[PDB]
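A.B. asks:
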Amino acid sequence: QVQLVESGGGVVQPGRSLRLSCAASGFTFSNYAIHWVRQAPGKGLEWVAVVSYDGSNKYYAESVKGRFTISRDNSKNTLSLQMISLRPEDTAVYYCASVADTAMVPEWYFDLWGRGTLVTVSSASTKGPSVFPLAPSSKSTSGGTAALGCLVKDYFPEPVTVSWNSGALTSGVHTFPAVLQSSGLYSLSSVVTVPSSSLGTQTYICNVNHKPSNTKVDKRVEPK
Amino acid sequence: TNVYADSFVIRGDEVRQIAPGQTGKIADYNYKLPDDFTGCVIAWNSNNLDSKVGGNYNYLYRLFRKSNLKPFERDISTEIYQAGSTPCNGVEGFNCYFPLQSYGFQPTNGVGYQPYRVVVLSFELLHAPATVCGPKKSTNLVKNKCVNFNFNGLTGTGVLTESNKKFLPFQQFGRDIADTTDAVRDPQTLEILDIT
Amino acid sequence: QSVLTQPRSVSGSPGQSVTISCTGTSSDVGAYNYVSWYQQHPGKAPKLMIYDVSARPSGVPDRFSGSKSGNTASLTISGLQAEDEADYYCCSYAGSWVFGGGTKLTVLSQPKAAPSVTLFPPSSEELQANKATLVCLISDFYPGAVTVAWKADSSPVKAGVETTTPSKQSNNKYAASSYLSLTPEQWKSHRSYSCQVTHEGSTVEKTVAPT
């Protein structure tokens, strides 16, 4: 079995260093080039580097030069990727990318892929969320349907569970998956769809629970 | 006869030099063909797996030689070149010019520098015939009608029908008396026939 | 040049044919003949489908096909199956490997659903906290392709935009969300802010007011 197994991934801080690797099996690794192609979660593909068997010819990308260093060992059929001065835009799933033997495909194309490992360059810590009540607009178009919610913002890590009126409010509840902003934090949204004639009598409370940070904020959602 | 053929790879620019009475770089320093070199030459592409990682230096060629090659001469020789009057003792000085610089099979170039799956059919003649030849298409048979026939060396014309006469494991021929050929066991079904 | 131009999504009926462009430059596409096509399943690695635009590797079905003239490659997949529903990537190598923008093929298995957009202003308690987050919510849409366009009374705003890639909701449609982080001084300066979505060419616009 032609097989590539990445190693060296993890979660690091900005300003530090890391060294990745990839072991090869099933093919003569000394006769074909391996590459690093990175992919951020949910984003496109981005090549990083390449190393030659004599160790002389290496090509880097424009966001790669001066920081990342690839090397290989033809005897042990493994390699290394020495990486210094890490920035949070380098957070991507890293693939050691080579070619197998059976294909006519050369080494500059990409047939034989690895399973990948995750490298996270982030400085965010265990932060509790800030629950901000998304105030509805039932005061002008009453009689029909109003939308109200509360905004969950600036927490880390996953997950945060949101229930409505201690779980009694179930119809119309749709809690959304979160975003991942530049600071390394997360932010979700939960909005329940209510009849607009029930906001003057019924109080709507969202129950925001963040278990790794032990944060339970009960925030009321009142019209302006 | 003499179906000595070679299986190797050649760069795209030096392809035509495999020719009767041609010179160049391969035909000067690497592989010589004599005059009246008839037969066939065939090459085709071996592009995209003849590139090892950053420089295909598994594959060599002699870039320097003192004198002319003889034809059919294999230059497996660690005798490196000498340019000046000072002989090289292995240390690369100024006049060594190590002839076994290797193939530049790095196909980022155009079509002229590409590794090609080449063969060199070298055909000559010695005194023993009946060597490698061609499978001449092996047509059908017919019975009970007069017809021309050509067998494996012997031939004639007549009708082909069944027979009572028997053979052994060696016969390819049959005649009753005084070179009147009448009996062939066929070379495919191995079944005996008569020629009326 | 830096990123090869692709359509963000191509919707096609199953069994039909789609054509996905890979628009590059003369130093990227028209220089050599080395253009690839890469199918990447979500949660898995990519997979090669096309070399050298004309032909296919081993194991690749003949449904994958390419055409190139000038500086635009064109992957053509005839007879769309549900297993082709993934991300598509084109790459070229003249001196460097330049990938494409990304193309999500959506194999249509249910009729088209228009997105319901509900835009929320940031709360007064957030405005007292010297922050502002505009809340634009997308739900109940199929095929899974929306692009969020923020607007300040006539004008596109691209800075401070965080948008979720569409993920599955319960009834086989998708859900999404987009955030615009601003200052409270920019909130009370203009007149109205709008969140425009674009779903298979259809535009649904919602507008809130700082009043």
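Residue numbers (PDB author numbering), protein chains in the order written: chain C, 1 to 224; chain B, 393 to 588; chain F, 1 to 211.
Even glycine gets a Cβ: it sits at the ideal position worked out from N, Cα and C.
Does DSSP classify residue 82 of chain C as helix, strand or coil?
C.D. replies: By one-based count along the first sequence, residue 82 of chain C stands at place 82. Correct three-state label for residue 82 of chain C: strand.
A.B. asks: Give the residues from the stretch 57–87 of chain F that approach chain C closer than 8 angstroms (Cβ to any Cβ), ordered along the chain.
C.D. replies: Answer in chain order: 57 and 58.
A.B. asks: Which residue spans inside the stretch 27–115 of chain F form an unbroken beta strand (DSSP E) run of at least 3?
C.D. replies: Listed in chain order, they are 35–40, 46–50, 64–69, 72–78, 87–93 and 103–107.
A.B. asks: Spell out whether any CB of chain C is found under 8 angstroms from the CB atom of residue 441 of chain B.
C.D. replies: One-based indexing of the second sequence puts residue 441 of chain B at position 49. Taking Cβ atoms only, chain C reaches closer than 8 angstroms to residue 441 of chain B, which makes this a yes.
A.B. asks: Identify, in the order they occur along the chain, each residue of the same chain with its Cβ nearer than 8 angstroms to the Cβ of residue 170 of chain C, setting aside the five sequence neighbours on each side.
C.D. replies: On the first sequence, position 170 is the one that residue 170 of chain C refers to. If we look at residue 170 of chain C and ignore the five residues flanking it on each side, its Cβ neighbours are 164.
A.B. asks: Out of curiosity, what's the CA-to-CA distance linking residue 467 of chain B and residue 421 of chain B?
C.D. replies: The sequence position of residue 467 of chain B within the second sequence is 75, counting from 1. The sequence position of residue 421 of chain B within the second sequence is 29, counting from 1. C-alpha separation (whole angstroms): 9 angstroms.
A.B. asks: From this set, B/416, B/418, B/429 and B/405, which residue's C-alpha is nearest residue 394 of chain B's C-alpha?
C.D. replies: Here the question's residue 394 of chain B lines up with position 2 in the second sequence. Taking only the C-alpha atoms, the option nearest residue 394 of chain B is B/429.
A.B. asks: Where does residue 452 of chain B land, buried or exposed, given buried means 16+ other C-beta within 10 angstroms?
C.D. replies: What you label residue 452 of chain B is simply residue 60 of the second sequence in a count that begins at 1. Exposed is the call here.
A.B. asks: Please tell me whether residue 113 of chain F and residue 173 of chain F are closer than 8 angstroms, where the distance is taken between their beta carbons.
C.D. replies: As a first step, residue 113 of chain F must be located in the third sequence, where it is residue number 113. As a first step, residue 173 of chain F must be located in the third sequence, where it is residue number 173. Going by C-beta atoms, residue 113 of chain F is nearer than 8 angstroms to residue 173 of chain F.
A.B. asks: Note down, in chain order, each residue of its chain lying with its Cβ closer than 8 angstroms to the Cβ of residue 139 of chain C, except the 5 sequence neighbours on either side.
C.D. replies: Position 139 of the first sequence, counted from the first residue, corresponds to residue 139 of chain C. Cβ within range, chain order: 223 and 224.
A.B. asks: Alpha carbon to alpha carbon, what distance is there between residue 187 of chain F and residue 143 of chain C?
C.D. replies: Translated into the one-based positions of the first sequence, residue 143 of chain C becomes position 143. Translated into the one-based positions of the third sequence, residue 187 of chain F becomes position 187. Cα to Cα, residue 143 of chain C sits roughly 29 angstroms from residue 187 of chain F.
A.B. asks: Alpha carbon to alpha carbon, how far is residue 78 of chain F from residue 505 of chain B? Give it in angstroms, no decimals.
C.D. replies: The residue labelled residue 505 of chain B in the question sits at position 113 within the second sequence. The residue labelled residue 78 of chain F in the question sits at position 78 within the third sequence. Using only the alpha carbons, I get a separation of about 36 angstroms.
A.B. asks: Just by C-beta distance, which residues in the stretch 118–136 of chain C are closer than 9 angstroms to chain F?
C.D. replies: Cβ contacts with chain F: 130, 132, 133, 134, 135 and 136.
A.B. asks: Could you tell me the boundaries of the beta strand (DSSP E) in which residue 484 of chain B lies?
C.D. replies: Sequence index remark: in the second sequence, residue 484 of chain B carries index 92 (1-based). Where residue 484 of chain B is concerned, there is no enclosing beta strand (DSSP E), given that its DSSP letter is neither H nor E.
A.B. asks: Which of the residues in the stretch 93–109 of chain C, read from start to end, lie with their CB under 8 angstroms from any CB of chain F?
C.D. replies: Cβ contacts with chain F: 95, 102, 103, 104, 105, 108 and 109.
A.B. asks: Are there three or more Cβ pairs, one per stretch, closer than 8 angstroms when the stretch 117–125 of chain F is compared with the stretch 157–165 of chain F?
C.D. replies: They do not touch, by the three-pair rule.
A.B. asks: Does residue 213 of chain C come within less than 8 angstroms of chain B when only Cβ atoms are used?
C.D. replies: Along the first sequence, one-based indexing puts residue 213 of chain C at 213. Not one chain B Cβ lies under 8 angstroms of residue 213 of chain C.
A.B. asks: Thinking C-alpha only, which one of F/117, F/37 and F/131 is nearest residue 194 of chain F?
C.D. replies: Along the third sequence, one-based indexing puts residue 194 of chain F at 194. When each option's Cα is compared against that of residue 194 of chain F, the closest is F/117.
A.B. asks: Between the alpha carbons of residue 47 of chain F and residue 27 of chain F, how many angstroms are there, rounded?
C.D. replies: Numbered from its first residue, the third sequence carries residue 47 of chain F at position 47. Numbered from its first residue, the third sequence carries residue 27 of chain F at position 27. If I take the Cα positions, the gap works out to 25 angstroms.
A.B. asks: Cutting at 6 angstroms between CB atoms, please list the residues of its own chain near residue 435 of chain B, excluding the five before and the five after it.
C.D. replies: As a first step, residue 435 of chain B is located in the second sequence; it is residue number 43 there, counting from the start. Taken in chain order, the residues that qualify are 407, 508 and 510.
A.B. asks: Is it true that the CB of residue 153 of chain F sits closer than 8 angstroms to the CB of residue 192 of chain F?
C.D. replies: Position 192 of the third sequence, counting from 1, holds the residue named residue 192 of chain F. Position 153 of the third sequence, counting from 1, holds the residue named residue 153 of chain F. In contact: residue 192 of chain F and residue 153 of chain F (Cβ atoms closer than 8 angstroms).
A.B. asks: Which of the residues in the stretch 436–470 of chain B, read from start to end, lie with their CB under 7 angstroms from any CB of chain C?
C.D. replies: Within the stretch 436–470 of chain B, the qualifying residues are 440, 441, 443, 444, 445, 446 and 447.
A.B. asks: Taking a contact to mean a Cβ-Cβ separation below 8 angstroms, would you say residue 30 of chain C touches residue 80 of chain C in this structure?
C.D. replies: Counted from its first residue, the first sequence places residue 30 of chain C at position 30. Counted from its first residue, the first sequence places residue 80 of chain C at position 80. It is not a contact, given that the beta carbons lie outside the stated cut-off.
A.B. asks: Using a threshold of 8 angstroms, state whether the C-beta atoms of residue 11 of chain C and residue 122 of chain C are closer than that.
C.D. replies: In the first sequence, residue 11 of chain C corresponds to position 11, counting from 1. In the first sequence, residue 122 of chain C corresponds to position 122, counting from 1. Going by C-beta atoms, residue 11 of chain C is nearer than 8 angstroms to residue 122 of chain C.
A.B. asks: Does the stretch 84–102 of chain C come close enough to the stretch 33–45 of chain C that 3 or more CB-CB pairs lie under 8 angstroms?
C.D. replies: They touch, by the three-pair rule.
A.B. asks: Take residue 60 of chain F and list the residues in its own chain whose beta-carbon comes closer than 7 angstroms to its own, dropping the five residues that flank it on each side.
C.D. replies: Counting from one through the third sequence, the residue named residue 60 of chain F turns up at place 60. Here the set comprises 49.
A.B. asks: According to DSSP, what are the bridge partners of residue 533 of chain B?
C.D. replies: Reading the second sequence from its first residue, position 141 is the one you call residue 533 of chain B. According to DSSP, residue 533 of chain B bridges with nothing at all.
A.B. asks: Ignore the nearest five residues each way along the sequence and tell me which others in residue 193 of chain C's own chain have a CB closer than 7 angstroms to its CB.
C.D. replies: Stepping through the first sequence from its first residue, residue 193 of chain C is reached at position 193. If we look at residue 193 of chain C and ignore the five residues flanking it on each side, its Cβ neighbours are 145, 147 and 172.
A.B. asks: Against chain B, does residue 33 of chain C count as a neighbour if the rule is that its beta carbon must be under 8 angstroms from one of theirs?
C.D. replies: Position 33 of the first sequence, counting from 1, holds the residue named residue 33 of chain C. So yes, residue 33 of chain C belongs to the interface.
A.B. asks: Taking C-alpha atoms, which residue in B/528, B/413, B/423 and B/412 lies nearest to residue 401 of chain B?
C.D. replies: By one-based count along the second sequence, residue 401 of chain B stands at place 9. The option with the nearest alpha carbon to residue 401 of chain B is B/423.
A.B. asks: On the three-state DSSP scale, how would you describe residue 507 of chain B?
C.D. replies: Looking up residue 507 of chain B in the second sequence gives position 115. Here residue 507 of chain B sits in strand by DSSP.
A.B. asks: Counting contacts by CB-CB distance shorter than 8 angstroms, is residue 100 of chain F in contact with chain C?
C.D. replies: Along the third sequence, read from residue 1 onward, the residue named residue 100 of chain F stands at position 100. It does: the Cβ of residue 100 of chain F has a partner Cβ on chain C nearer than 8 angstroms.
A.B. asks: Tell me whether residue 418 of chain B sits in a helix, a strand or coil according to DSSP, three-state version.
C.D. replies: As a position in the second sequence, residue 418 of chain B is number 26, starting the count at 1. In the structure shown, residue 418 of chain B sits in a helix (DSSP, three-state: H, G or I).
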